[PDB]
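In the form deposited in one PDB entry, a lone chain appears below as structure tokens.
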């Protein structure tokens, strides 16, 4: 996972994912706050698609890039930047106790003034591998912050 670390510094670290979407959460941290947001999104995609079929609200095939500067999600189909999350406004991240491919992170949204979880399902990897990569990002970020 050392290579994972150097990738984070060099903007080379990436993961094929399915971006589930975002949800309001009441705290900046919590291994269970995350598990919950996963269960919410997963139960929403089940509510829709009872009415709209395979179409909504479909999780989106993408690639997660993890850098010391930020996290980015790029759509595989359109190559459009789907998510540009500044690394400095991220509070917490975590894998999921009951969903082994799941990864999520909480972040502050300053306009709405609320905590927002952002869940993913890894395609080829485990949730914990992703969470590790983003911890390496967090680290490079903390190391660069001068006094």
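Numbering follows the first chain given and starts at 1. Residues that one form lacks are left out of the comparison. Rigid core: the largest C-alpha set superposing within 1.5 Å between the two forms.
If you look for the form deposited in another entry, you will not find it shown, but the lines that follow are about it.
- In the overlay on the core between this form and the one not shown, a shift of 2 Å or more in CA position is seen for a single residue of 57, 97, 89, 79, which is 57.
- Relative to the shown form, the CA atoms of residue 56 and residue 26 are brought 3 Å or more closer together in the other entry.
- Relative to the shown form, the CA atoms of residue 24 and residue 55 are brought 3 Å or more closer together in the other entry.
- Here is what shifts between this form and the one not shown when you lay the two on the core: just one run of at least 3 residues, every Cα off by 2 Å or more, at 49 to 58.
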